[PDB]
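Each chain gets a letter, A, B and so on, in the order the sequences are listed, and its residues count up from 1.
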Amino acid sequence: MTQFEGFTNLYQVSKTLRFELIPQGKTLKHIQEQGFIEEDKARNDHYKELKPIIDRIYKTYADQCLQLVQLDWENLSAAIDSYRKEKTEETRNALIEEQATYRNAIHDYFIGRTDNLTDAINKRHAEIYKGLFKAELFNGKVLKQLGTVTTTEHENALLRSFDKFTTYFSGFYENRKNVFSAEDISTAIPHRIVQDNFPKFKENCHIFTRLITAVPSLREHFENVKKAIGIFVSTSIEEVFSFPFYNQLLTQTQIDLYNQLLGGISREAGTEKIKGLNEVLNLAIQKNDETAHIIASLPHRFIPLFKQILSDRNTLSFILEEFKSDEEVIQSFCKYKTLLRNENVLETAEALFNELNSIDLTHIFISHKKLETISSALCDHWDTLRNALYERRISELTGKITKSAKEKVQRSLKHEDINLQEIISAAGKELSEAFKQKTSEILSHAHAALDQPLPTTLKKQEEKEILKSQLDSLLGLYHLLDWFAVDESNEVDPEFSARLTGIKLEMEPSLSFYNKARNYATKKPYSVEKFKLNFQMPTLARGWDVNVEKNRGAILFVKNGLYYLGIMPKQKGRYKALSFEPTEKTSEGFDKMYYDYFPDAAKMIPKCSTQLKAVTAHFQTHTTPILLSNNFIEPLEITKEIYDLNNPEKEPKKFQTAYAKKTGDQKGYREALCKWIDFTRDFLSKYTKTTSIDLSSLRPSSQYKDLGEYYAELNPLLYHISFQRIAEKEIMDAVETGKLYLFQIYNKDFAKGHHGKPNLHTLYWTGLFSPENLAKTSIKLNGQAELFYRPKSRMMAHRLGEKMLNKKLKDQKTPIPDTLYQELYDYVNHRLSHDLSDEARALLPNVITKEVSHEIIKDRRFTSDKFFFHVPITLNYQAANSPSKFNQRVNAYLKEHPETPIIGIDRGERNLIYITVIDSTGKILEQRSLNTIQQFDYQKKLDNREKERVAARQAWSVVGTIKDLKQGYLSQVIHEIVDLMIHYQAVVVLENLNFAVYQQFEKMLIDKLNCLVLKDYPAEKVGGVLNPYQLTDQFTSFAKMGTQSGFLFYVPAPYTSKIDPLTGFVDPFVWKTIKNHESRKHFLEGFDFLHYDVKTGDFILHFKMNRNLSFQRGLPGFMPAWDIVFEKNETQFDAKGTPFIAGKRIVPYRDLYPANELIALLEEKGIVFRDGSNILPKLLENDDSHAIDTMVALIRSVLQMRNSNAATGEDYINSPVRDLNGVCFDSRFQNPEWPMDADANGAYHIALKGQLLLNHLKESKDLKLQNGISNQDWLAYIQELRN
RNA sequence: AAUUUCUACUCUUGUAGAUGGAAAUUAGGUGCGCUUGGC
DNA sequence: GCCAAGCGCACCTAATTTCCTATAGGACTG
DNA sequence: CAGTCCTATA
Ligand SMILES: [Cl-]
Ligand code: NA
Ligand code: NA
Ligand code: NA
Ligand code: NA
Ligand code: NA
C-alpha cells in the first residue's frame, strides 16, 4: 500500500546551477591576447542595436494582418456567459475549446489559411510566415512585401556583423514564435485578443447598456465626450459598445484611441484635462443627488484594453521635452534663476503681499478651488476656513434659518471665489497672522534659492539635493501665487491684479523646470552588467556530446575532487580536435568526461529516418520500401505503412492516444502503437549512435499501453556519461599553447578552509558525478550551458589594524540593536565623536570584538572582473517529463492515511505569515507567527526598508531594493514549513487568492516541493540528492492551477478569522441592511428575547436562524438558534496573570463594555431588568428611536468578535456565544490549545477547511477532491462538528 | 563582515538556510507633478 | 489633509512563455 | 568537388 516515501521519481525537474570560473595558468593571458572578451561585448552591443530594427518586421506584419481580421464574436460571448452561469467542468471545457477556435481563427490570418481572404493574399502570408522565425529574416526579401522600406548603410553594417553568426538569434526566434502562436499562452497575440481584451470589451458593452437604460441622458454625455475628443468619428457611441466594433480594436493605435475615450487626454501641466467616459461617470456620482445614487448602484467604470503584443504605445496627451545632461539642467535652470532676479519677481511679490496690510481686502479674491488647500496650510483642519465661512454667512441670513437656506449657503461656498476680508472676518486674527507667517517663509525660501549657486554637476546626491531644494522653493512661490482667484467676474483690484498676473506669468516656467528636472535627476545611472561569451563560436557550449565537442568547444574535467571547464577555441579561424588520449588510472592527470546522448527519441528517430528528404521524396511517387544505409550498421527499412503512420493525412497519428479517444477503435490504435514501437527498436538497434546500447530492459513492444509510457522508459537509456584519465602533461601543454582555456568551476564550498555543510546546489553537482549516479542516472547534465563575463561594479572594508563587532553579545543569542551596534562599532574602533550612550556603555562588557587578521571586504565579489558558468541539470531523470494523475496519487495516499496532520498557513493583519499545525481531528499541535525567525524580526526590517524606499523616491535618491530582502525572509519561511511538513508528513493548506509577500511565498513553496532534497539525508534515501521528494504537482503557471497541487491545498479565505473556534458561530447579519429606525425595529422584533441572568450577570439574546431573514447573509449554518451573550464585564486573567475585561469590544477607536452599557441604557429608560423579564418588548413599545439605535449598536458590537487596536497590541477573538460546555471563547486567556490571537484563528480555520476537504475525500469512493468550499457547506460542517 | 547569487551571520581565510537560468513579453506597484471634483 | 476618476514622468516587482540537442541539410570555402 | 561548418530541424 501507499507510503510517504513513495512520492519520489514522479516527474523530471530542470534547474540551473551557477558557478564562478577561475582561469588556470596561461588561460587568462591568452584570452586577453586574443581579444575575445571585447568582441563578445561588441557582439552583445550589436544584438541590442539590431533587435529593435528586426522587430519592425514583426510589428508591421502583425499589424497588417490584424487590420484584415473580421470575426463574429457571438459564439465566444455565449461560451463565456454559459461558463459564468453554470460554473461546471463541462462549460469550462466548452469555453476552453471555443477560445482555441477563436485563437486559431486569428492565427489563420498570420499563416494564410483563412477563408475570409483570397487565395492570392493567403499565399503571400504563407510565404512571409515561413521565413519569419529563421535567418531569412535578415535577407531583406521580407522587406519588399511589407512596404517601400529599405535598410540604411548603418543597418547593413549591423546585419553583416552577424554573418555566419545568425544563430545568436536562436532564442530570439522562439521568443517571436511565442508572439504569433495560436496556443493558450500569455505571450501571444491571439491569446491577447481572445482571452484578455475581448472579455474586457464585452463587459464594457454590458456596462454601457445597463447605464444608458437606467439613465438615458448618459447616452448624450458619452457621445459628446467622443465628439469632443474627436475620435471614432464615423462610429456612434452605441456602435463603439457593440461586438462588431471589436474587430476594429485589435491594433495598438485603435486600442490607444479606445483607452483615451475611456481615460481622456491631458495637455501641459496646469491646464484643464479633457475628460473621458470614466471621469464623466465619476463626476456624476460625486454630485450626490438622486441620479448619482442610481449611477453608483450600477457598474460605473469602463475597463481599458491591454496593449497588443510588441506594439509601440502612442498617446494624444502632452509629452514634455526631456533634459539630456547635467549641464543642460544646471545651465538652463541657472539662466532661468537670473531672469527671475533681473525681472525683480521676488521684490514685486514681497511688495504685493506687503500691500495686503493696508489695501481694501474686499477686492482681493481667493480661488474657491484653493480654499481647502489654504485651510490645510494655515489652519488646524482642511475644513476650518469652509466651516468658518459657513457659520458667518448663516449668521447673516434674514428670517427663519431653514434647512434649504442652510443648503443654499453650503452650495454657494463651492461656486464663488471668496474675498480675503470675509475669510479674515470669519476665521479671526490668527488667520491673518498665519497668512503673514506662511508668506514670509515661502518668499524667504525663494529668496535663499535665487541667491544660492547651483552645483557644478549632479554626480553627487548632495548636488541633486541642492537642485531639488531650489526647485521646491520656486514651486512653493508658484503655488502661493495660485491661491488668488483669476475669474473676470470678481471685482478685482485693478493694479494689484495686473501686478499679480505679471509675476505669475514669470513664474509659469517653474512648473516645467520642476517636472523636467525630476524626470532627468531620478534616472538610473549607467550600470555594469554581465554579458554572454562566445569566443567567436556560434554554437559554443550548446551540447556536451562526444560528437559535438569540437564544434561546441566545451568539456568537463575532475581532478582531486575539483571540477574544471575546458573551452577549446578555433585555431587561426579553424576548428581542430584536441584528441586527448585516455591513459591508465595509475597516471597523474585529469578525469575527462565522455558524454553520450541521443536526444528526445520522439523527434530524433523521425528526423533520422522517416522524415529524411530522400524518404519523403521517394514516397510521393512510390509505394515500395526504401532502405537506409548511411549511419546504420545494417540497413533500416522504411515501409509505406511506417511512413504513413508518422505522416497521416490528418492528425492525430494512429499510434497516439487521441486516435483511440476519438475513433474509439482500440484494435487499430494498439496495432499502430506496436508497429511504431517495433520500428523504433529496429532503428535504435542499427543507428550508429545507439546500436551499442542495451535496450533489453524494455518490455515487449505490444505490452506498452501508450507511446508516452514507452518514451519515458526509453529516453533514460539513451544518455550516459563516463570518465577517462588524461595525462597531466597533455592538459597542461594544451593550456600553455592556448589550445585549451581551462577554468576551475568554483563556489565557496571548494574553498581551502571549507569545512561545513555544502549548498544544496553543490550537492546537486557532486551528486551528478558520484559513482552511484554514473551507474544509474538520477541527475542528468544538460546542454545549452552559458558563459558570462561580469566586469567589476563596486569600489567599505575592515582593514588589518581595526576591530569588528559581533552582532550578538557574549551569550551568542542576544543581538545588539542597530543604533547601539553602530555606536559600539565606532567606539571600539576609536571613531566615536561623543560620549557612549548609557545603554551602549552598559552592553560594553558583553560585546565580542574581533581583531582583523585578514581584510574582509563588503561586496568583494563585485570589486574585480569575473567569469561565470550557468549549466542546466535535470533531476528525477528516471521519470517521465510530466506526471500522470499526480493529485489522485496523493489522494490515494491520504485515504489510506486518515491521521495525516494539516499545516494551515495564513497571511495576517499584524503578521506576514502565521502557521497553525493541527492533527487530523483539529487539535492544535503548534501555532506560530513567522514575523521573527531566529531573533531576526523580518516584519520590522521589511517595513523599515519600504519606508526608506518611499523617502528615497521623494528625495530623488537611489531606491534600495526590497525583493532581495523578501526572498531572504521567504527562504527561511520555506525552510521552516518544509521541515514541519516532512516531520509531520502533513498536508499544507493555503488561502485561495482569487477570493505580496504571501503570493510569492506560495510559488516558492510549490517550487521547492516539486523537487525536495534535504542536504543531511543520505543520497540513496528518499529525500536524498539521488531520490528527491516530489510532494507538489508539476508547476506550470498560477493561471493553470486548480485548488490542489499534490499535498498543497487552496481554500477560500471567507469565514476563517471572524468565526468562533469553539462553536463555528459567525455574525449572520449584513449590517448595511439595518439602516433606519423602521428596519432597526424589525431587526429587534426578530429576536425571541433579551433578558438578564441574575445568576451570572450576563444578558442573553436568543435568536432563531429562521428570523430576520431580510437582514441575514443567507448562511443558516447548522444550528437552529443561538444564545447571544452580553458577558458581564468582569476581570479575568490569562495564563501569565495579565488581566483583561470580559466582553470588551474595540469599536470606531474606543473601548466598549456592552453589558455595562446595556445596564446604563436600561436604567436611563427606567426599564426593569433585574427580574429576568424580556427587555425587547419594553424598548419597542416605548419606541425611543435613540434608545433603539443604541440597543442595535450594542448588539452589533457584541457580535463583532474580532477586536483590534494597533496602538495597544490588541487583536483578539471573543465569541458572543457559549459553547456546548458553557464556555464563551476568548483568545485573551492565552490558552495554547486554542488560537492565541485573531491571525492564529485564521490559520486554524484555514487548516480546518483543509480538514473538510480530507474528510469528504474520505467518505467518497473516488480519488478526486471536491472543487472549492461554499460558505454554507463550510459553516454547516464546522458547526455540526463543534455542537 | 567574505558568497554562483540572495538573506542572516562570524567558533571557523569562512558559517546556516535558500537559490531555474537565459531570452522575450506583459501586467502591476511605489513616488512625484498636474486636471476636474468629493469629504 | 484624505479620497475618486484620469493623464505625464522616474524606477521597482512579478508572472508566463520558450529552450536547455545531435544531426540532417546545404552554403560556403578554396 | 571535397571537406568544413553554420542553420534549422524532428
Ligand atoms: Cl473571516
Ligand atoms: Na555551508
Ligand atoms: Na529568468
Ligand atoms: Na503611478
Ligand atoms: Na484635486
Ligand atoms: Na492620482
### Task
Using a heavy-atom cut-off of under 4.0 Å over every strand shown, decide if A/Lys532 touches base, sugar-phosphate, or nothing.
nothing
### Message
With a 3.5 Å cut-off and heavy atoms only, can you find an N or O donor on one side and an acceptor on the other between the side chain of A/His755 and the base of B/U12?
### Response
yes
### Query
Is there a side-chain polar atom (N or O) of A/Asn278 under 4.0 Å from OP1 or OP2 of C/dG6?
yes
### Near-parallel close stack of A/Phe318 and C/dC7 base (under 5.5 Å, under 30°)
no
### Query
Reckon A/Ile873 touches a base, only the sugar-phosphate, or nothing at all at heavy-atom distances under 4.0 Å?
nothing
### Message
Using a 4.0 Å heavy-atom cut-off, does A/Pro538 contact any base of the nucleic acid, only the sugar-phosphate backbone, or nothing at all?
### Response
sugar-phosphate
### Query
Can a side chain N or O of A/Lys177 be found less than 4.0 Å away from OP1 or OP2 on C/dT17?
no
### Task
Indicate for each nucleotide in nucleotides 23-30 of chain C, in 5' to 3' sequence, whether protein heavy atoms under 4.0 Å reach the base (B), only the sugar-phosphate (S), or nothing (-).
BSSS-SS-
### Task
Have a look at A/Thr874 and say if it touches a base, only the backbone sugar-phosphate, or nothing, with a 4.0 Å heavy-atom cut-off.
nothing
### Task
Ignoring backbone atoms, test whether A/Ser971 places a side-chain nitrogen or oxygen under 4.0 Å from the OP1 or OP2 oxygen of B/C6.
no
## Note on the structure
The nucleotide from B/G20, B/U3, B/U30 with an atom nearest the side chain of A/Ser14 is B/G20
#### Entry: The single option from A/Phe138, A/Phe169, A/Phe172 passing ring-ring contact (aromatic ring centres under 6.0 Å, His included) against A/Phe162
A/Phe169
### Query
Considering all heavy atoms of both residues, which atom of A/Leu471 and which atom of A/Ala517 are nearest to each other, and what is their separation?
CD1-CB, 3.5 Å
### Query
Do we see A/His870 stacking on the base of B/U4, given a limit of 5.5 Å between centres and 30° between planes?
no
